[PDB]
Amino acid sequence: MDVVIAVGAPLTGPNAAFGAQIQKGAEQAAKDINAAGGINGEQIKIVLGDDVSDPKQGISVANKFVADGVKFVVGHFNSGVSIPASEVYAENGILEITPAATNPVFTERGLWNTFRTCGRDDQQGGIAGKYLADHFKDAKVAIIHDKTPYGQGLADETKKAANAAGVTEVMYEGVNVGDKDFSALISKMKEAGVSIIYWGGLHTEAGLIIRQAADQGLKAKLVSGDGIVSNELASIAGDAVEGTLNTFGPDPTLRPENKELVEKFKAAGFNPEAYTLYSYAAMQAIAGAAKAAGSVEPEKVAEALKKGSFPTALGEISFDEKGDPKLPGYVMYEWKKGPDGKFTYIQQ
């Protein structure tokens, strides 16, 4: 009997590019695992659900997944979607491994079923806060967030670390996802002499802020996190994106063992950036743990994940008792023109 595995992701809406990363990564992993004989002899069947980065629609997706006999979910992208969806999964025998949801709460509720292949924002905020102090000790910093669990959570963790290392921000403000006119906020930052904008949120608003700041004459560098890692940031921001900084794990597309896999994606017409290989790795973790458990029962795979080590596109993976992965930590990237002439994030 096929093992039914769902991709729950923002396949449409503002984060569609991230949805594609997650979908393409999981689909390719399923194809590769199937060609190798499947999971414990059984083929993987992929089902898709589009959450539109909307917690309400994410809950409808989770219901559809339960009805369809889903056993494992790779997803979701947004913490605000993943946290509520994970309770549906937890109460209905489904293991959820997110490749991108970073808010600490996701693995801090004592749920048997929650795992990640990505980091978490107390870690990320610690790294970013220290960076702010190490490199911009005397800067006037504005901390701005998007009022979501991810965005404000990250901004708050960073504020805490930055404050402890001696940086006191001159502004702390929230904006709404979907707001597009940042003239007033930018003017306020200019008045306050801001030279660094720390952004807790995703690429859409970051891109709008970067573009508008340059147009309005605010000389400030934007520093953000693992929510801005998409070419779409550059498409919105334009050349003003240059010099933007952000935290993210080591770029898995640069790992030598992934050379052939990255070439395969491109031969299929997809640039497998950012979370693509985190999603691929989530699939591999499920397959590895089922192999170790001698079972595809989600509760048994969960136990196996917490015990063993498994080969993935991110490197050898293992998990703590909360379901967080033991992998390389966050590093700082800068936006510059890559070898292909496009602006992208390059590790400093």
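Numbers for residues come from their place in the sequence shown, where the first is 1.
Engineer: Do the C-alpha atoms of 278-286 or of 28-36 have the higher average B factor in the entry?
Structural biologist: In the deposited entry, the stretch with the higher C-alpha B-factor mean is 28-36.
Engineer: Identify the stretch, either 334-342 or 15-23, whose C-alpha atoms have the larger mean B-factor according to the entry.
Structural biologist: In the deposited entry, the stretch with the higher C-alpha B-factor mean is 334-342.
Engineer: Say you rank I209, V229, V167, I83 by Cα B-factor from the PDB entry; which sits at the top?
Structural biologist: Most elevated C-alpha B-factor of the set, per the entry: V167.
Engineer: Considering only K190, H203, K264, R109, which residue's Cα atom bears the greatest B-factor as recorded?
Structural biologist: Comparing C-alpha B-factors across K190, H203, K264, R109, the maximum falls on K190.
Engineer: Where does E87 sit by CA temperature factor within its chain: lowest, middle or highest third?
Structural biologist: Lowest third - that is where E87 ends up once the chain's C-alpha B-factors are sorted.
Engineer: Pull the Cα B-factor of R120 out of the PDB entry and bin it into the chain's lowest, middle or highest third.
Structural biologist: Answer is lowest: the recorded C-alpha B-factor places it there.
Engineer: Taking only the Cα B-factors deposited for this chain, tell me whether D51 sits in the lowest, middle or highest third.
Structural biologist: Ranked within chain, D51 CA B lands in the middle tercile.
Engineer: Taking the C-alpha B-factors as the PDB entry records them, is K45 in the lowest, middle or highest third of its chain?
Structural biologist: According to the entry, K45 has a C-alpha B-factor in the chain's highest third.
Engineer: Check where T102 lands among this chain's C-alpha B-factors and tell me if it's the lowest, middle or highest third.
Structural biologist: Lowest third, going by the recorded CA B-factors of the chain.
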